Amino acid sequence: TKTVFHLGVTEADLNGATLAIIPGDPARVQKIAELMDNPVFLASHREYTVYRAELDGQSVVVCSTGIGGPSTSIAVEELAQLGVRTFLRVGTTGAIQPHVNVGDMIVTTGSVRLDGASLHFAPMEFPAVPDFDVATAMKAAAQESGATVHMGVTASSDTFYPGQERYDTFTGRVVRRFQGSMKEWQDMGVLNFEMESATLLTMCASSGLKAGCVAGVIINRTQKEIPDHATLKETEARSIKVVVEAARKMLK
């Protein structure tokens, strides 16, 4: 009966939803919801915009997370309090491998925990791993969209800048831990950087929740060509089509 503190929704508001799609950007919430039936705005507070919709007759929540594990952890927790058990993350990513192209899609098979919030759920030795059904559904949905799909490891960083070894910054400095790190992850086969998967996957895998992450590649750190506008727009649309279809696969 309670209204969760941050998301401002009740369990009844979710109309029985046990699955949530959790993009990063609040603006993307409506966009995902309208790919389903009967999208209804529930609430917007802070970075959390929440809609409900229906997919093959089943209630689905779409809720933005904001950037980063901390804000993601709140949304996932409060949704879980309200009965959500499956969380499908969709979000943009920078690829770091030359073979991954802008417009491709990555389904994370495990995340490098370059975050802090994951540690609030499990010690570092615990794997930031998706639920296998979710990863499988995301792969299938991504392939069916016509996308080129990569399964692999994602580096999930609490920062956009030094943790992704960006030097074009105010200080131009990167702390010792992250100096040379992009090359190290590249050499280790890591596909991409984003900022939420380690927290999400660790939290869920250690809490009896099913989670997975799919991402559209919007830049490649190894390509000094500017991503074409059309490809990006197409990638935006494809990513959310894919996550909704992955949700469909998870429901039945």
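In this text, residue numbers run from 1 along the sequence as written.
Per the records, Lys241 is modelled in every other compared entry, just as the shown structure includes it, so no third of them leave it out. In the record comparison, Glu11 is modelled in each of the other entries of this protein that model the residues flanking it, with no third of them omitting it. On average the C-alpha atoms of 98-106 have higher B-factors than those of the other stretch, with 98-106 and 172-180 being the two compared. Between 122-130 and 85-93, the higher mean Cα B-factor belongs to 85-93. Taking the PDB entry at face value, the top CA B factor among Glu196, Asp187, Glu47, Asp37 belongs to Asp37. Out of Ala53, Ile218, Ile67, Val29, it is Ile218 whose C-alpha atom has the highest B-factor in the PDB entry. Looking at the C-alpha B-factors along this chain, the one for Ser207 belongs to the middle third. Annotation for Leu42: CA B-factor lies in the middle third of the chain's modelled residues. When the modelled residues of the chain are ordered by C-alpha B-factor, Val61 sits in the middle third. Per-chain ranking of the deposited C-alpha B factor places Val76 in the lowest third. When the CA B factors of the chain's modelled residues are split into thirds, the value for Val149 lands in the highest one.
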